[PDB]
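Below is one structure; the comments refer to it alone.
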Amino acid sequence: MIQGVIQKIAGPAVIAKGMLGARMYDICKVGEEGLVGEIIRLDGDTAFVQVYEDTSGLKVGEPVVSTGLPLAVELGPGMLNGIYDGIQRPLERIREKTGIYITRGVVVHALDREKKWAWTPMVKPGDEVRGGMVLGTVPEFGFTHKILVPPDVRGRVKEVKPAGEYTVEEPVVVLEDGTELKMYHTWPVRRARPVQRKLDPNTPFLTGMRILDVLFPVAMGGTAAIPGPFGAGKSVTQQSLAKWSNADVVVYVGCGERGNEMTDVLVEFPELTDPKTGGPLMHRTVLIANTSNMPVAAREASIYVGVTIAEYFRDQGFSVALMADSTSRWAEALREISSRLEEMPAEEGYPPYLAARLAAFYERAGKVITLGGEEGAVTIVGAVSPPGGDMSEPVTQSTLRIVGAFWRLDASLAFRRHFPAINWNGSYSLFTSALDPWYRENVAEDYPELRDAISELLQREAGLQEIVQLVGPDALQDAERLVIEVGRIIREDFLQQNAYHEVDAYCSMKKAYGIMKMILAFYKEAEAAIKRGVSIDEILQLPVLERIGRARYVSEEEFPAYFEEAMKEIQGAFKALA
Amino acid sequence: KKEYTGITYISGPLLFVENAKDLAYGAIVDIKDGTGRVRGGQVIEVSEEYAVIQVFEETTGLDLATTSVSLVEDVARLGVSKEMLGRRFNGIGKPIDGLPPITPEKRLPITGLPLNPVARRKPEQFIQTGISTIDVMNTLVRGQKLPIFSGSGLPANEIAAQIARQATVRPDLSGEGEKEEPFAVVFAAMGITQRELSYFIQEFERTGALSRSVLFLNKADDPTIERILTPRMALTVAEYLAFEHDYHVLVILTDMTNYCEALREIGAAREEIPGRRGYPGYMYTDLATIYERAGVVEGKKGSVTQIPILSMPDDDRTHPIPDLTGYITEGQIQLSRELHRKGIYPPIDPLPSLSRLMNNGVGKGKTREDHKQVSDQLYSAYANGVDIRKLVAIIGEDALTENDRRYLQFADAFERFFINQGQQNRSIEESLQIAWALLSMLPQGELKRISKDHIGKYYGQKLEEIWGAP
Amino acid sequence: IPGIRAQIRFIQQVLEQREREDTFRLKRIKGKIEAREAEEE
């Protein structure tokens, strides 16, 4: 509504003129070409605008128009299987419009205004509605997409539209006082969507990877962080976590990646990935692709766009998993934005509110009771990539203070053919104590003690390596030899997991518990034996080893039988030692 | 033509002109003084009361009574053509080789548009630079950005010119069989001296490499804004050739540190407050707008490969310039002062170097299928050789086991036959031959990276060709 | 190694502090030139 002209083009995306009605942090349309920019300072009659693209070619006198609303997303049906940029612009339709380049000032709507969806009402006239209540239903790539009342809307229904088949813009419900509810609504990306109450971290987020699920778990609604060294196979871990976890929807956020981010996101996800049950994995994920030479405003808003979309799908009642491709590349854009406003740096150039923004992102995670009475959750797995692997930079320090788990990928492991290359020494978690009851009631009454026992074996075997380096393995005692051997057995038949094997790609909790119990039993027997007088060499060539180490590749049904008979065999081979 | 008098201020590089509402921001102007000599300038700020103009030259004859300013162009453009191949330009697109100006097929904005992420495809095929430590161990793939991290006194101009006049594509190794894809080199030099300029011209003329090249040469005492415009003009020509005429292009940018310095000076001339270490706050996004216009698009047959050369300011890999360059590109090739003083050319250190896309451009169908494992094996052997070479000074060779003396002799022959290649133009097959003849020194079974098939197939050769031939 | 790491982090602190001081000063003088050019307009 508010409209003015240009008074001064001071250079890189800096404008001004008389717009007395305009409001702070509104989205504006600059020039005749329609460039988009945000208002950052009001003064007297004038207003300062920060344009997104370059302003070369503009002149004073051209019009400036204010849309009246801050940065926002469109939350409605039509987002799945889609690829957006940092501010929710559909890259595919942009390409179909203007070719291999992105011309400046292009306009497209995030939700396809022409596609028709099969509406199915769930209210009738006279019904009272509040913010967040369900309103209808639309089928979408194999699940019912609910239609939700915007969180700030309250009234009584006057009329509802019959079943039929409508577009996204069609007002399907007209409230009494006159406001019409479409199939979608909009939301400011910098405001957390409201909920009833936040629940506790008492239920596990299952990744399907033995080490991450057993030694360092995350709860439903927890957050983790992984570093991004080269050659450590981060992408494979991320794809496995995307396709095997118990999350209903996946949101992938690539913020400020290298030019070759397609090589492992945009050519991999659409084809090279299938779900557990069906066709393409892409029918339940939303990609947010954002390369390095995009405008900084988009690269800085990508995180908030992604987390708002995830909060939408949570408020709808699912359980979402969101992954940030590199939060260090996002902190870089934040620093640049800050330097343009001429603020004082805090440390290493980063603005003094880096930690506040990072927390404002990570603290939207959690398991909740939605406004509509359902239950949903958002789990965040964000990656950090320091300059030369130094964990002392401000981004890493700010992150590690608010996440709940650290999964330390390491290239030295993938150099010696260990996959997934998670270092079990530097990693940690903080969710185990809170998660113990669920473990006792859903896995086994002794699961925690076996987990601690395996951790202790690994700890001892690590605290022994220096003396093994000094003299070699053969020069050690019988007990030290035994612990070295059992440590090798752990970290080569339990920790290690092959993402491409069609059976070892996934593992349950009961399967992992069975393997841990097998190993602990074998080690107890062997300790008794070498204490008794058998040499470790008879032990190393026992035939039960090639079955305890082959227990990974057995199916989830054939595993209970395999497990019980393998336990009986372990019992048997000991009698021959007795 | 509309003339703007009314200058009100002249200081350093700036001058203010009144009643100039009709000058677009970023326009290019010209400044004619009392003696009629015409200079150039760019509009960096425009408002209702006056416009600011940055003169990219000296201002030693100007006064407030006779000077006038006139428009020449609303935005900076470049007239491109397919008949630029073989020409030299000065860095704002004017010929300097004594030939007539070209006639453009079109005029393009030099600040091109960003590529759409869903339009690219994965880089797939390699380029033969003729240098063995780059081909075998750090292969360059079509569509990659591989920078060369040089030093203060190391010979990076020679390596640049050698790669320029030796590079080629090898369609016969792939299934293509026949040579029908054209190759072109675009060569952008920033802030070079007269000595280096003479060297480059002589090198490109003495062997016919000029017939397939475009040169944008920018001297050290030229206006700095021209140094800012040079790489953008180069990449404009490259993108045009590649994605309108199916060329395979190789762009070389000789000293990105000179570019960064010019960028810093210009930013300070417009009264901006700098960022970390004194460089502009937006240097990351600027370097990104340069490097990130390179790659291979989907549904087209051309490609743009990019090799930015830069000299680490104080041999410090943590300086902002090599730091950001490492954030953006896909690896680096590291020259070494030690190998240089030891008389080795080209002095490439294989231990800190790395090509990040290498695995997607080697193997059967692309190169010979033993490429990857031979690379890894050479790396491991050289590492062991270097460690032993250090220890043998305090132990003495007589107290070394046998495999250690093997590794010692291997490392020696490696840096005397593989790295130190002189001005030879090695194919990929000659390089793999020399690699296998060197690996043959170690005892079979020590090569624990390679598979047994290749060891049976290629082991046993001895050093014959490098001394049996030049 | 610990002693050298201590020296290095100390030097790095001093350098960053000096940089922060001088950017403060630069901001001040820019504000000043703008103020006293506008007051003469």
task: Please state which one of A:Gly131, A:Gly178, A:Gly105, A:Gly142 is within 14 Å of chain B (Cβ to nearest Cβ) and either of a type in the set (S, T, N, Q) or surrounded by fewer than 18 Cβ atoms within 10 Å (Cβ to Cβ) (or both).
output: A:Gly105
task: Show the residue pairs that are 6+ apart or on different chains and have beta-carbon atoms under 7 Å apart, the first residue being within the range A:78-107 and within 18 Å of B:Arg293 (Cβ to Cβ), the second being in a loop (DSSP other than H, G, I, E, B) and of a type in the set (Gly, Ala, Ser).
output: A:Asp85/A:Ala289; A:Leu91/A:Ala289
message: So, in the range B:360-383, how many residues would count as being assigned to a loop (DSSP other than H, G, I, E, B) and either buried (at least 19 other Cβ atoms within 10 Å of the Cβ) or within 14 Å of another protein chain (Cβ to nearest Cβ) (or both)?
response: 4
field: Residue identified as more than 14 Å from chain B (Cβ to nearest Cβ) and more than 18 Å from the chain's Cα centre (by Cα) among A:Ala324, A:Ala346, A:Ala355
entry: A:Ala355
task: Would you be able to tell me the number of residues in the range B:330-360 that are under 30 Å from A:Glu257 (Cβ atoms) and in contact with a helix residue (DSSP H, G or I) (Cβ under 9 Å, 6 or more places away or on another chain)?
output: 14
One residue from B:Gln377, B:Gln424, B:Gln373 being within 25 Å of B:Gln144 (Cα to Cα) and touching a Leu at 6+ places or on another chain (Cβ under 6 Å): B:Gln377
- prompt: So which residues in the range A:19-34 are surrounded by 15 or more Cβ atoms within 10 Å (Cβ to Cβ) and out of contact with any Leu (no Cβ under 8 Å at 6 or more places or on another chain)?
  reply: A:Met19, A:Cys28
field: Output for the range A:87-102, where each listed residue is facing chain B (nearest Cβ under 7 Å) and either surrounded by fewer than 15 Cβ atoms within 10 Å (Cβ to Cβ) or in contact with a helix residue (DSSP H, G or I) (Cβ under 7 Å, 6 or more places away or on another chain) (or both)
entry: A:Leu91, A:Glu92, A:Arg95, A:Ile100, A:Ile102
- prompt: Only one residue in B:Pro117, B:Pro109, B:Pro101 is surrounded by fewer than 18 Cβ atoms within 10 Å (Cβ to Cβ) and within 12 Å of another protein chain (Cβ to nearest Cβ). Which one?
  reply: B:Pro109
- request: Can you confirm whether the range B:265-281 contains a residue that is at the interface with chain A (Cβ under 10 Å from one of its Cβ atoms), surrounded by 21 or more Cβ atoms within 10 Å (Cβ to Cβ) and under 15 Å from the mean Cα position of the chain (by Cα)?
  value: no
message: Given the condition under 22 Å from A:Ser385 (Cβ atoms) and not aromatic (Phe, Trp, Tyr), answer yes or no: does some residue in the range B:265-276 qualify?
response: yes
query: Within the range B:30-84, how many residues turn out to be more than 14 Å from every other protein chain (Cβ to nearest Cβ) and of a type in the set (A, V, I, L, M)?
result: 11
task: Hey, could you check the range A:65-86 for residues that are closer than 25 Å to A:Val172 by Cα and within 14 Å of another protein chain (Cβ to nearest Cβ) and say which is surrounded by the fewest Cβ atoms within 10 Å (Cβ to Cβ)?
output: A:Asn81
task: Taking the residues in the range B:238-264 that are part of a helix (DSSP H, G or I) and of a type in the set (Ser, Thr, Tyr) as candidates, determine which candidate is farthest from the other protein chains (Cβ to nearest Cβ).
output: B:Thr257
query: Of A:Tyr428, A:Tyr362, which residue is touching a residue at least 40 places away in the same chain (Cβ under 8 Å), more than 14 Å from every other protein chain (Cβ to nearest Cβ) and over 30 Å from A:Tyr513 (Cβ atoms)?
result: A:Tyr362
- prompt: Can you tell me which residue in the range B:2-25 is farthest from the other protein chains (Cβ to nearest Cβ), limited to those that are of a type in the set (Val, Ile, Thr) and not in a loop (DSSP other than H, G, I, E, B)?
  reply: B:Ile7
task: Could you list, in sequence order, all residues of the range B:142-159 that are buried (at least 22 other Cβ atoms within 10 Å of the Cβ) and not in a loop (DSSP other than H, G, I, E, B)?
output: B:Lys145, B:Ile148, B:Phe149, B:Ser150, B:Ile159
task: Read through the list (1) among the small types (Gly, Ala, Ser); (2) surrounded by fewer than 20 Cβ atoms within 10 Å (Cβ to Cβ); (3) over 24 Å from A:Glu393 (Cβ atoms), then give the number of the only condition that A:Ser235 fails.
output: (3)
- request: Just need a number here: residues in the range A:213-236 that are touching a strand residue (DSSP E or B) at 6+ places or on another chain (Cβ under 7 Å) and not aromatic (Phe, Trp, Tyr).
  value: 15
field: Identity of the residue in the range B:196-238, of a type in the set (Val, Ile, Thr) and under 22 Å from B:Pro109 (Cβ atoms), that ends up surrounded by the most Cβ atoms within 10 Å (Cβ to Cβ)
entry: B:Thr230
message: Can you confirm whether A:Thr207 is of a type in the set (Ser, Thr, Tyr), touching a residue at least 12 places away in the same chain (Cβ under 8 Å) and surrounded by 23 or more Cβ atoms within 10 Å (Cβ to Cβ)?
response: yes
Meets criteria (away from chain B (no Cβ under 14 Å), surrounded by fewer than 21 Cβ atoms within 10 Å (Cβ to Cβ) and on the phi > 0 side of the Ramachandran plot) for A:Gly373: yes
- request: List the number of the failed condition for B:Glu124; all other conditions in (1) within 14 Å of another protein chain (Cβ to nearest Cβ); (2) crowded, with 19+ Cβ neighbours inside 10 Å; (3) closer than 30 Å to B:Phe418 by Cβ hold.
  value: (2)
statement: Restricted to the range A:266-303 and to residues being at the interface with another protein chain (Cβ under 9 Å from one of its Cβ atoms) and part of a loop (DSSP other than H, G, I, E, B), the residue surrounded by the fewest Cβ atoms within 10 Å (Cβ to Cβ) is A:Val267
message: Looking at B:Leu351, B:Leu357, can you tell me which residue is within 22 Å of B:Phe149 (Cβ to Cβ), buried (at least 22 other Cβ atoms within 10 Å of the Cβ) and touching a strand residue (DSSP E or B) at 6+ places or on another chain (Cβ under 9 Å)?
response: B:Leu357
task: Give the number of residues within the range A:1-31 that are in a loop (DSSP other than H, G, I, E, B), more than 37 Å from the chain's Cα centre (by Cα) and within 12 Å of chain B (Cβ to nearest Cβ).
output: 7
- prompt: From the residues in the range B:289-307 that are under 14 Å from the mean Cα position of the chain (by Cα) and closer than 21 Å to A:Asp54 by Cα, which one is nearest to the other protein chains (Cβ to nearest Cβ)?
  reply: B:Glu292
message: Filter the range B:127-141 down to the residues that are assigned to a loop (DSSP other than H, G, I, E, B) and either at positive phi or within 12 Å of chain A (Cβ to nearest Cβ) (or both) and list them by number.
response: B:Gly130
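Coordinate-derived values only; no laboratory data. For neighbour counting, all protein chains shown are included, and Cβ atoms are generated from backbone atoms with ideal geometry for every residue, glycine included.
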